[PDB]
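Here the structure comes first, spelled out in C-alpha cells, and everything after it is commentary.
Neighbour counts are summed over all protein chains in view; Cβ atoms, including those assigned to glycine, are modelled from backbone coordinates with ideal geometry. No value in this document is a laboratory result; all are computed from the given coordinates.
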Amino acid sequence: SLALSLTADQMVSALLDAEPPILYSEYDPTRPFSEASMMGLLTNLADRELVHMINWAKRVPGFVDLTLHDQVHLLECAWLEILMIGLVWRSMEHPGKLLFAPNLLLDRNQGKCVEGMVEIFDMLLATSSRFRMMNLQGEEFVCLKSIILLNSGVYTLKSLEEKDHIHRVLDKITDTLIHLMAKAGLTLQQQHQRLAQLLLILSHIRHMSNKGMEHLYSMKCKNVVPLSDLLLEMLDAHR
Amino acid sequence: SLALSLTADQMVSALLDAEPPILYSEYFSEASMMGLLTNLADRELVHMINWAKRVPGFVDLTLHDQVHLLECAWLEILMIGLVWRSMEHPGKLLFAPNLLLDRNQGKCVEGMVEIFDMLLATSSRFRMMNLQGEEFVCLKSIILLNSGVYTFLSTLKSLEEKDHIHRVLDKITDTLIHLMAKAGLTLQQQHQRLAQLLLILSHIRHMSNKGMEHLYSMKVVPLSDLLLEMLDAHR
Amino acid sequence: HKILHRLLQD
Amino acid sequence: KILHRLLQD
Ligand SMILES: Oc1ccc(-c2ccc(-c3ccc(O)cc3Cl)s2)c(Cl)c1
Ligand SMILES: Oc1ccc(-c2ccc(-c3ccc(O)cc3Cl)s2)c(Cl)c1
C-alpha cells in the first residue's frame, strides 16, 4: 500500500488536510430547551457530521485499501468515539463547557433535562480537562482520531492479511506520534510516557461511547426525537 | 512512596509475587453454566482485592479511591486474566483448569457468544504478539489504576491522588519499555509494541462494558452479595 | 444496502 | 459496603 510508504511528516500533513469542518447546530435562542429539542439539536448535528466523517475516513491512509464491508464495520464501531474526541478537542479552550458547535456551547446544567446526558457530559468534561492538562497538540489529536477509526473495530478467512495491513498502518501512526513528540523536544523517556498517556485515554473514550450508545438507544426506544435512517442504522449496529 | 522508588526489575518482581492463584470451578443447562461462571468470578474477586493492595502505589490511595478503582475495573481484570491463561488454548476459553469452554458451549447462555468471540479474539491477539508474563502483570496493573482515574473528581487532595496515580502509571510504562529493551527490541519496535499492547486495553474496556450490560440484565438466579454490589456500581 | 455502505462510494 | 470491609481485611 502507498500508505506504508508515507513518512511521518507526510502522515501528519495528510491527516491535517483531511480534517472535517466545524459545523453549526440549528440552535434556536427564541425558545427554552426541552429533552426533545436538545436531543434534536445533538442528533441533527451528529448526522451532518457523519457525512463529513465518512469522507475524512476515506482520506485516512490505508482505509480505502480495505473492502467496503470492513470500512462499514470500522465506522459503525467508532463513529461515536470519533464524534466525542472531536468534541473534546474543540472544547479544550473552554473549561467547564462543551463546544458541540460554535453556537452551541453548553455546561453540565443545561442538559439536565436530557436522559443520561449529565453523566456523559461529566465524562466528556473530564476528558477535555485531561487533554488541556497534557497540552494536547493538533498533530497529536489527528493521530489519535485515526487510531480510533482503525483500532476500535479491528477485533470484530483470506483477508486476515488486511488485518495485518491495519496493524502496519497503526504502527505507522505510532511512529508518527513519537516523531511529533521528538520534534516537540521531549526527552526519549518522556516520549514513551506521553504515548502511553495518550493511548490510555482511548480506553475512556471507548467507555464514554458505550455508555452513550446505551442512552441513545434507550431514547430511541422511547421516540424522544426522530433520527435519520443513517443514525438509526449506526445505532442498530451496536445492537 | 516506595512505588516511585522501585526499579524496573523490582516492579516486575513485586507484580509477579502479587499474582493471584488460579481457582477451580466447583464442578450443563442454561443455568448451570451461568452459575459456574458467576461463582468463579465471585471467588476470584476476593483474591483480586488482595492482589490490588499489593500493586505498588495502590495502598497510598484512600479507601474511597481504592473502592472506586476496583468497582470500575473488576470485570476488566477478570477478563484479561481469562484471556491470558487461555492463550495456549486456541478457540477455547480457560475460565478454570477444569472449565475449558469452546464457543459452542458459550451459546448455552444469554448473549455471551458475542462476548465469547471477543475474548477469543483478544486471546488470539496476545498469542500472535507472543505476550510475556511480565508484560501481562504490567497491563493488568495499568487497568486497575487507569480504568477509573477519569471518573474521579477540585478538592486539591483529589488532584494529589490522581497525580500520584499518573506517576505510578508512568513507572509501569517505564517497566514495560525496560522489559522490551531487555528482550532486544529496537527503539522503534519498543514504541510500536507498547502502542499495540495499550490499544488492546480499549477492547478489554469494550468487552467489560458489554459484559456489564448482560450481567445487569441477568440480575433471576444467584449472584453473591459482593457481586451484586459490584454490579450496582455501573448503574 | 446500508446507507453507510452507499455513502462510502458516492 | 462489602468492598470496604474486604479492602480493610
Ligand atoms: O460532535 C458531536 C455531536 C453530537 C454528540 C452527541 C450526540 C448525542 C449525545 C448524547 C446525548 C445524551 C446522552 O445520554 C448520550 C449521548 Cl451520546 S452527544 C457528540 Cl458527543 C459529538
Ligand atoms: O475469570 C473469569 C471468571 C468469570 C468470568 C465471567 C463471569 C460472568 C461472565 C458473563 C456471563 C454471561 C454474560 O452474558 C456475560 C458475561 Cl461477562 S464472564 C470472566 Cl470474564 C473471567
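General remarks:
- Residues of the stretch B:140-164 that turn out to be assigned to a helix (DSSP H, G or I) and more than 11 Å from every other protein chain (Cβ to nearest Cβ), as a count: 9
- Residue in the stretch B:60-79 that is part of a helix (DSSP H, G or I), under 16 Å from the mean Cα position of the chain (by Cα), within 16 Å of ligand 2 (Cβ to nearest atom) and closer than 17 Å to B:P97 by Cα present: yes
- Residue match in the stretch B:93-101 (condition: surrounded by fewer than 20 Cβ atoms within 10 Å (Cβ to Cβ) and either within 12 Å of chain A (Cβ to nearest Cβ) or assigned to a loop (DSSP other than H, G, I, E, B) (or both)): yes
- Answer residue from the stretch B:109-154, given it is among the acidic types (D, E) and under 15 Å from the mean Cα position of the chain (by Cα) and is nearest to A:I205 (Cα to Cα) among those: B:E135
- Residue check, B:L169 among the aliphatic types (A, V, I, L, M), within 11 Å of chain A (Cβ to nearest Cβ), crowded, with 23+ Cβ neighbours inside 10 Å and out of contact with any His (no Cβ under 6 Å at 6 or more places or on another chain): no
To keep it simple, each residue is scored yes or no on (1) near ligand 1 (Cβ under 9 Å from one of its atoms); (2) surrounded by 17 or more Cβ atoms within 10 Å (Cβ to Cβ).
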site	(1), (2)
A:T30	no, no
A:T43	yes, yes
A:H52	no, no
A:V64	no, no
A:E76	no, yes
A:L106	no, yes
A:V114	yes, yes
A:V118	yes, no
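- Residues in the stretch B:44-69 that are of a type in the set (A, V, I, L, M, F, W, C) and within 14 Å of B:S1 (Cβ to Cβ): B:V55, B:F58, B:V59, B:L61.
- Filtered by the rule that a residue be assigned to a loop (DSSP other than H, G, I, E, B) and either surrounded by 15 or more Cβ atoms within 10 Å (Cβ to Cβ) or charged (D, E, K, R) (or both), the stretch B:206-222 gives B:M218, B:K219.
- The listed residue being hydroxyl-bearing (S, T, Y), out of contact with any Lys or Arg (no Cβ under 6 Å at 6 or more places or on another chain) and part of a helix (DSSP H, G or I), out of B:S29, B:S13: B:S13
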